[PDB]
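Below sits a lone chain in structure tokens, taken as the form deposited in one PDB entry.
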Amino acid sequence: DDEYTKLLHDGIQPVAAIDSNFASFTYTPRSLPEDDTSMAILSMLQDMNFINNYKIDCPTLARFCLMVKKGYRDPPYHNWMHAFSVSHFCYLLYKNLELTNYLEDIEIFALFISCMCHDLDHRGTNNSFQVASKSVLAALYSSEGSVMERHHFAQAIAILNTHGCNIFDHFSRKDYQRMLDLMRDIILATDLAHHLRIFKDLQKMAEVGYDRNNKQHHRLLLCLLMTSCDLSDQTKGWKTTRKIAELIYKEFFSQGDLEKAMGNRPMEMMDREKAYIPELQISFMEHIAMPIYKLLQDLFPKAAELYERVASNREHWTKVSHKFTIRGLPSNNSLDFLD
């Protein structure tokens, strides 16, 4: 109750008041205290003019933002702070890359709202685990594929359909249908398997050049931008990349532990006895992260610095790899850990 009251009655604080570099690619949104993030969401929506443009009801918007925050659990990585940082990067793309030259206003709004909702109710486990553990989610969606992503979308729609939380309530039937369809496309694009399936079409688009009159190019660009937001922790400094690795592997190893208890053999990356982090992170950066930001650079010249910072963080991992081998004796002057 109290949180809602202040969010609604204190006024939407100016975006620059959050941080002086808030609109910069150098800013790390994970440094913002979690208690300040809901107001930051409002401040960003205001600064992008979405509240005014779509005449979003402020009481409704405040309830929506809090309910979305409440719909994330607390696994090490896939929590509200992930969603906030992803949404923040969407804002950064709006501020720095002139998205208004490529996408419709409603598409940009949909991207931002999708970022907020894209990992709703994540349980710290991937799609394979849902099928293997015969979860309720796999019962619902395994035959369609993208189990978790369909669940994230359905949670987002359930929030909208909660009384007092439909921020699109006044939209026309056409614009409402448009928004929900965009959210579906964008949230489902956060599945790695989807990204892999469209990756050649993304390269084709970047080769022939973006045609803003081509409806397929809008769709493809939206998928690329969404994945860029989802992986945006890799575009910051080394320390952020190091911390997120810690969170990512804590989550993965928990799943791997669960899988061993069910009698299944986990992936190397989820097996704490077998996983070599530097090599795995290098691989993720080279095969997944870097190509996404290279395509981004190919489409937006001003995105160059993002690819550059990811490539540098990739080299930082190679530089620090030797630190994973124990030289000399450990701090305690003992070799007891061998027994």
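Residues that one form lacks are left out of the comparison. Think of the rigid core as the biggest set of C-alphas that the two forms share within 1.5 Å after superposition. Don't overthink the numbering: it's just position in the shown sequence, from 1.
Another form exists, deposited in another entry; not displayed. Remarks below refer to it.
Core-superposed comparison between the shown form and the other one: the C-alpha position of residue 14 differs by less than 2 Å. When two forms of a protein are overlaid on their rigid core, residues whose CA moves 2 Å or more are considered shifted, and residue 319 is not one of them between the shown form and the other one. When the rigid core is held fixed, the Cα atom of residue 331 travels 2 angstroms or more between the shown form and the other one.
Comparing the conformations between the shown form and the other one, with the rigid core held fixed, yields the displaced runs 9-11, 325-338, each spanning 3+ consecutive residues whose C-alpha shift is 2 Å or more.
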